[PDB]
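Letters go in sequence order (proteins before strands), and every chain restarts at 1. Every number for a ligand or one of its atoms is a count from 1 in the order of the listing. Note: hydrogens, waters and symmetry copies are ignored here, and every other heavy atom, side chains too, is used.
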Amino acid sequence: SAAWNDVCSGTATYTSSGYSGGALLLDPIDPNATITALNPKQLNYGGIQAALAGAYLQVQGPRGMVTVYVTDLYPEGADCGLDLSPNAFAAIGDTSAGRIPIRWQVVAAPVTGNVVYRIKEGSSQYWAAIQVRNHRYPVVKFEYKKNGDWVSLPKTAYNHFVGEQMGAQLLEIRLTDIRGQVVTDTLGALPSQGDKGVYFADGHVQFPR
Amino acid sequence: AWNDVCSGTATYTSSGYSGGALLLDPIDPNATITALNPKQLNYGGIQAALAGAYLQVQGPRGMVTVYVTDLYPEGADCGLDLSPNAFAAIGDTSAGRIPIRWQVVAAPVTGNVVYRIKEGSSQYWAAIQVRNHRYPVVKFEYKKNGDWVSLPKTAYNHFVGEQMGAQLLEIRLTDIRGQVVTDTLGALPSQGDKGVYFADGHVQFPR
Amino acid sequence: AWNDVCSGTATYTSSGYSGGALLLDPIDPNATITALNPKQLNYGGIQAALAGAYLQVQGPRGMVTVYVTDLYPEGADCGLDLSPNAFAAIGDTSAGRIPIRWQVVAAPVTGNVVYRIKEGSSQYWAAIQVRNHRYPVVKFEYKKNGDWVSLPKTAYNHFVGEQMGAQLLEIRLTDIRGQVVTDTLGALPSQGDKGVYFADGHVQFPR
Amino acid sequence: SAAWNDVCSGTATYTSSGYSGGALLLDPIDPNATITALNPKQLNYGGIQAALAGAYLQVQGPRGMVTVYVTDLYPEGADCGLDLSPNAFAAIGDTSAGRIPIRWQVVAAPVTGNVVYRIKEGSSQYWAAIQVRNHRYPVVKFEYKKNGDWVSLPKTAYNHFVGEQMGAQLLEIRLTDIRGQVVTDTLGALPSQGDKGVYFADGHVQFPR
Amino acid sequence: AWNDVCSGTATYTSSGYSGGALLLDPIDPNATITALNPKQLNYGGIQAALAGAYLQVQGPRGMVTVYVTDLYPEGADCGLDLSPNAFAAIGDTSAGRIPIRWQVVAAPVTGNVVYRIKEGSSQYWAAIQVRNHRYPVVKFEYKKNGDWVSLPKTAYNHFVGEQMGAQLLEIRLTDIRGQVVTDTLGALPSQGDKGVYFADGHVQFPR
Amino acid sequence: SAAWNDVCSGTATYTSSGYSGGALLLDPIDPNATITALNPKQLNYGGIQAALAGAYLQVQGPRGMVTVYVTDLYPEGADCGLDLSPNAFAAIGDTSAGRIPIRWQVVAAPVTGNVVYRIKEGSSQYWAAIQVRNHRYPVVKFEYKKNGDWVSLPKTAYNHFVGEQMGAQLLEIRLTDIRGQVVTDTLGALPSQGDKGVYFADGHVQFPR
Amino acid sequence: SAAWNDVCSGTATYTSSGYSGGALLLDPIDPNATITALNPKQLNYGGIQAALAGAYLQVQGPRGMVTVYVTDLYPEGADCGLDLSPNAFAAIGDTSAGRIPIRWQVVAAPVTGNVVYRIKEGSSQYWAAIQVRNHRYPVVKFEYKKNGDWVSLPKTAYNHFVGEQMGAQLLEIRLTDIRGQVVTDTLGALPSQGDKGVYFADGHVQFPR
Amino acid sequence: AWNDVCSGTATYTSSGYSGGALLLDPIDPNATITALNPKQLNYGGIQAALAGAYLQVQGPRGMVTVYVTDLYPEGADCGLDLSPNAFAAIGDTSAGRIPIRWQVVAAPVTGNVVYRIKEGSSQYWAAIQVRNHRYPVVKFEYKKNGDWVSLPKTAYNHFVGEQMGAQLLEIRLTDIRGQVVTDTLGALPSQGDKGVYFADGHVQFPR
Ligand SMILES: O=C(O)c1cc([N+](=O)[O-])cc([N+](=O)[O-])c1O
Ligand SMILES: O=C(O)c1cc([N+](=O)[O-])cc([N+](=O)[O-])c1O
Ligand SMILES: O=C(O)c1cc([N+](=O)[O-])cc([N+](=O)[O-])c1O
Ligand SMILES: O=C(O)c1cc([N+](=O)[O-])cc([N+](=O)[O-])c1O
């Protein structure tokens, strides 16, 4: 009954985009997964770009309920609007209704194991973009330790947190989910120059239940 | 006269929980909120002076505390445009308009102030909002080569500063009581193409 | 995904046996090899993700399995630039371009993985290549102070890490199926003035 | 007869704060100790943050004298002002006066044994915060040896000395107290990454009487 | 004209021992000190040129040496604003104003100069003060990327430099006689959030 | 025999001013030096204010010859007129004549070492005034490098070159003397705000002989 | 076929200039090489200054065909005009004619190896000019990476690409030739101040055949 | 066009054996040396490109080979400023100015190249001169994180690099003929507070 889990009422359409090349850089998507694009107003919760990227939403339509994984931006979607994948749309409605009424809310993701960090290509001690994947709840704040004090990083529309002059040593980092739960983790040192491509690092924590 | 008791009238409206002018979103759906008329909101010529204040509003049937999130444009002196839950606690909702006597009180905050950095903020142009403050914030200063540079507060409840630079910032806050606290804030982006982000402060105005 | 069939076309060239971008020399002259288009080779954004994979390629006239040793730069989606012997087994070389389907398969390896240490590698900066792997390697980790550091993979099919140290390395490899093995590797040179050298691993990705 | 032991004329208040969580990170404090918070002008003597942290001050009030241990900052305290603890206040004045006139000076601490080093959590060869504790006189200068030369470290308001790129080897340090008395010592190597908590190392020297 | 005999008048004040403009605290309560008129203090347009000088002042009753710790703002040419102990040494205190002849002389220093790094100093902006110097310092250079750089002296008796870096620096001092010495100085903070700290130098101006 | 070293015929007076507080801001002056004030027509050669500031003029009178350092403007001076120091006057003529006939020309100065830069109080990356001192020959053009190209700065009556928007980086500068000889130098970055006093920098070049 | 390889019909003269001091700063030039100056209209193709600088042009004349290297601007040249070196002119026409009809097109350069970077004197992290040399085809776009996105730099009449505030770290750069072919490369840090002369770096790519 | 015959004139001077701008001291007092005009010294816009070259110089009376130690700043095209012993060997000395024809030639070196590390060099900023080279050195590279980085040559005949680090360096040298040699060079000082020092190379440009 809080702000983060408030129930949205809107309409859904269906689309086959979002399994590949979504704006949120969450590939690879299981081709059998039920997914959705999210309208700007909710995706950018509180003005935080991509705040609900990778969230799981429970969606109720006229005739069923499904859980979907936010992988794309839905650029022209109205308030509370979803652009559902076809299997998710069919599980809650009739494809020949074109557009259906929906109600939805953020819910806990079916994650096992800890969060996963994706370091964007070209990241370095000078400029880096760090994405958090496999999180039980949407991630709204990313902090790291520098000279003994925490430094908050902004989230981008491509669902990474960007930081400048982060240095080239072991990063002590701190994450906050949309409920305000805080976890702390460590991450290996960034590349010294930005001549590298994507790589993934396992994290050592997971937001609680 | 910050502690002065206002006398006026209250209407109600279901706006303010989102998209209000003071950019205080997200508002707790449980919160009792209000829009504030221009004369008290822009106290002393300073835009959004009372933004994020807590007003103790006494009405016919009771007394409630509300959270200023919006401007009440056509509101008269001492006028409030309350949320439905706050209006119903202090008056009969049948009325549509009720007499009220209110005064600024201390927000029941836990923890320290929070800094909200507006999208597009940079070393060249930045807007910084202070939320979670015990009392309303009327002066925002940062330290440049030894002096405190005072920044104008805007109608959208951020302080705006130009050419603030890309280093660690030392800031000074003054609330409507004249209480002063000093804090640090991480460096702003070197270019202004980022969205909103939040950072915890390390101080709170005293009781 | 990564295991599904690919549909595309194959050209052919005599490059790749020597000096391919994936630094997999020495190549057996009897080998059937291919260069791989950028989209599939750099799967998931990971440079040279499919380096050293085996592709089962079906063509008009037959089926052949090939070893990814190079990048087909102008290559199109699902494009392969095949070696002649492999092109001629699955189609008419007279045609210059042929329709193909292909997918990743287990390599016909015997024995463990092999490590190749790039010239100039050292405790301060090192580049380490895994070859003779049953499936493609997408993640290379090493234990520092008791925790696993992930190293980025480069376009020249090595994993590059800084400040790795001059101690015995515990490492951990993840293939594209998500299978994990754990291995040891002798200490890196104290300074980066050494050439290429090779060391055998003690593990192979499960069948 | 010198600047360091000049006599301050001021006024005192009392407070029950400072036995725990004081700004100078001097816990644990004996609950029966006579302690004080110190106004910023004398606490930050010569502009050195926390210069008089851990000092002992002899305080003369209207009815007696008492020795207090400086554990916190009196943020709004006026010139020469002290925020005493209630036992120190009753030792020298009547609580019902609220505010009492005092005169105080720095005096020798009743220490037994050598100085003690406290290493802040998150210290490393890259960035480190080292506190000096159990010192006979206030410590105003912290130097360590690097490549043949001494290197001076600034003191902070949380009563630690802070250094960058200090290295992960055994440390030769040099301390100056507020009288100009000099001792030198060794400190075990700092952790190589900033992933450890607080710990305490015994020193081997003490400033003379 | 550095050893030139100045003829003026002296008054007395009890400021100077703390909070003087030249930031020379802490002052030995036993010291005889003076504030210096702007004409001789800001010699040649160089702010605080004679800061920390020792002036040998002759009066009607006797002669005393004073330590320049402050600016005598309304001071006249050759004017001094003495401390009560130095005025009493050389005049009848009941007289409020005495005629004086003085000149700069060598300070009775012991050991080498001392560097006082101002709060806020960093690789981006630093103020460095030289004290315990036999003669007044009028030029501060440091070596940057292989070249010497002259730093302006300020009214608060520090030399100021920007973008100086966060590494050991070679420096070069020139006293008012033209005597040059060279020294080293430790790394400035990488962030400008520290207080004052002191570092010993390794040279003194010759006799 | 060119335009810059053309022989001037005029009259000299003598004055005791210009050893201190001259308009060309060249203090300190050796009180033993032989100095002069220069009439506006030759001081502002080419219309370049202070073109001949700090020149050395060789001056022949009825009785001798002397070399003088131009330290001030002779405001009421007529064509080719000088207002000499008394020791320069007495070296070439009788002070009781009051006014003497002279013939003079610019000559190389007895510089030792390289040129010297004086930065005027209030200079900054936005507005700056830079004086060239200790030059073998008068300086008629001051250029600095911005964005790949030289930028000529006008000279003022107070013997500095003034530039707007010079920026706060290392300055590459180019100097021309009245003979057309060019030299190239470097100068440390200007203050970022005009809040500093005078200060001097050594140059690394001198005009050739 | 396309606009980049359209056949120009024009006239050619001969000049002995262009082997050194040409406006496009391509020295050193082999003295046996067949070179040309190129009229403004095709040299500044699409308005891009020096677009065809360092192009190779196949020139058919009345008498034969030759390939030429574009080293200079032909200021007064008409539409499709070339100012040929004497060996090139004599290879395709008779010199006594003084002016010959020519047809020509951009062709691939006899390039051995990868491209070559020439960094102009005075370049730095604040202002830098970078010339591409030894390119198989004319180079019409130059981009480098800053804060994670590409920044396009304008070409100059002196055949360098110029950028401001490029910084002093490793440069990831992207080159586009006149056919639209894109290669990616890296380049070492620019100097921190603009006090350096010309230096050269080899690239690691070439435009495809 | 670099080894072409230059036709110009020579003067003579007693400078260049000490304090020459190419920092080639100590110069053998028996050596025949020359200052070189800016046009040929700075070939291709590379500062000091021909520093330490040997020029065979033909004049009216004979021939001599000279060692380029200095910049001849006023020198005209192909201009040389010879030392007295070199001028006297090829000209009448009373002439003051003589016609000359000259070309770069191989230096009669013995042994490998020598490296000279400028005072103040460090891992942060370093200046490295190459001495004892058969032909002029026009490009200097060092390996950093696996790749070559080119350093600009300066008017004082050193290559300057920033952030080169404090570890063993792999370096690559290119002479003006296009010949390439590879070498190693001991770690630079971790702080720039040292004087000049020399280290032997292990390679020499081919004949
Ligand atoms: O600190 C945060 O991460 C934070 C995040 C949001 N948010 O994600 O909407 C809002 C507030 N806030 O204070 O209203 C925050 O403090
Ligand atoms: O084990 C080796 O000694 C070894 C040697 C070479 N080699 O000498 O080229 C190549 C490989 N390899 O696995 O390609 C090796 O394993
Ligand atoms: O060396 C120091 O630690 C030091 C400390 C102070 N201080 O704590 O006021 C003053 C000076 N000083 O030179 O005036 C110092 O040299
Ligand atoms: O290697 C050396 O120790 C050495 C020393 C000097 N030096 O002591 O003047 C000069 C050269 N040199 O090559 O000109 C050297 O090689």
Side-chain angles (χ1 to χ4, degrees), chain A residues 2-4 6 42 44-52 55 106 137-143 150 152-155 161 174-182, chain B residues 18 22-28 31 52 67 69 109-117 129-133 157 195-201, chain C residues 18 22-28 31 52 67 69 109-117 129-133 157 195-201, chain H residues 18 22-28 31 52 67 69 109-117 129-133 157 195-201:
Chain A
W4 74 268
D6 216 30
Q42 271 70 47
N44 306 322
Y45 184 85
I48 298 174
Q49 292 289 282
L52 261 68
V106 169
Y137 284 92
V139 179
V140 304
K141 184 203 255 168
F142 189 113
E143 293 188 300
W150 291 108
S152 188
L153 297 191
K155 205 175 180 176
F161 300 91
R174 173 160 80 179
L175 306 187
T176 312
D177 72 17
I178 197 169
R179 317 168 294 171
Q181 292 294 320
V182 170
Chain B
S18 65
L22 302 178
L23 305 182
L24 286 175
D25 295 1
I27 311 286
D28 189 334
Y67 177 50
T69 70
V109 310
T110 38
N112 301 316
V113 297
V114 171
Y115 302 111
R116 174 202 197 265
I117 287 82
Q129 165 188 97
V130 192
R131 54 178 68 192
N132 201 51
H133 38 85
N157 195 23
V196 171
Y197 64 99
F198 293 82
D200 284 343
Chain C
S18 170
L22 307 183
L23 299 170
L24 291 177
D25 299 358
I27 310 286
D28 187 340
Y67 183 47
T69 70
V109 296
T110 103
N112 303 316
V113 300
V114 171
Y115 306 105
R116 180 218 199 248
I117 293 86
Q129 168 183 98
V130 190
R131 58 174 71 188
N132 197 58
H133 43 87
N157 189 25
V196 175
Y197 64 100
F198 288 81
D200 287 329
Chain H
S18 169
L22 310 176
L23 300 181
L24 282 187
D25 303 355
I27 307 287
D28 192 330
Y67 180 48
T69 68
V109 289
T110 36
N112 292 316
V113 303
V114 169
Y115 303 119
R116 175 207 194 259
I117 291 92
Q129 166 186 97
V130 182
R131 270 163 204 251
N132 209 60
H133 45 81
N157 189 22
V196 179
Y197 63 105
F198 298 81
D200 285 303

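Of all atoms in ligand 1, numbered sequentially from 1 with element shown, those under 4.0 Å from a heavy atom of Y45(A) are 9 (O). Atoms of ligand 4 lying under 4.0 Å from any heavy atom of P26(H), numbered from 1 in the order shown and given with element: 9 (O). Set against the non-hydrogen atoms of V140(A), the atoms of ligand 1 under 4.0 Å away are 3 (O), 8 (O).
Protein non-hydrogen atoms do not reach within 4.0 Å of atom 8 (O) of ligand 2.
Residue contact annotation: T176(A) has no non-hydrogen atom under 4.0 Å from ligand 1.
Taking the ring centroids of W4(A) and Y45(A), they lie at or beyond the 6.0 Å cut-off.
In terms of protein heavy atoms, atom 16 (O) of ligand 4 is closest to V114(H) CG1, 3.6 Å. Counting only heavy atoms of the protein, atom 4 (C) of ligand 4 lies nearest to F198(H) CG, 3.7 Å. If you check which protein heavy atom lies closest to atom 14 (O) of ligand 4, you get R131(H) NH1, 2.9 Å. When only non-hydrogen protein atoms are considered, atom 1 (O) of ligand 2 lies nearest to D200(C) OD1, 4.1 Å.
Side-chain N or O atoms of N157(C) include none that pairs as donor or acceptor with a backbone N or O of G52(C) at under 3.5 Å.
Counting heavy atoms from C-beta on, the side chains of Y67(H) and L24(H) come closer than 4.5 Å. Put simply, the side chain of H133(B) does not reach to within 4.5 Å of the side chain of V109(B), judged on heavy atoms.
Contacts between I48(A) and ligand 1, counted as non-hydrogen atom pairs separated by less than 4.0 Å, involve the side chain only. Neither the backbone nor the side chain of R116(B) has a heavy atom within less than 4.0 Å of ligand 1.
Here the NZ-CZ distance, from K155(A) to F198(B), works out to 13.0 Å after rounding to the nearest 0.5 Å. Atom NZ of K141(A) sits about 11.0 Å away from atom CG of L175(A), to the nearest 0.5 Å.
Exactly one residue among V130(C), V196(C), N132(C) makes a side-chain contact (heavy atoms from CB on, under 4.5 Å) with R116(C). That residue is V196(C).
Ion pairing between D25(B) and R131(B) fails under the 4.0 Å rule for side-chain N and carboxylate O.
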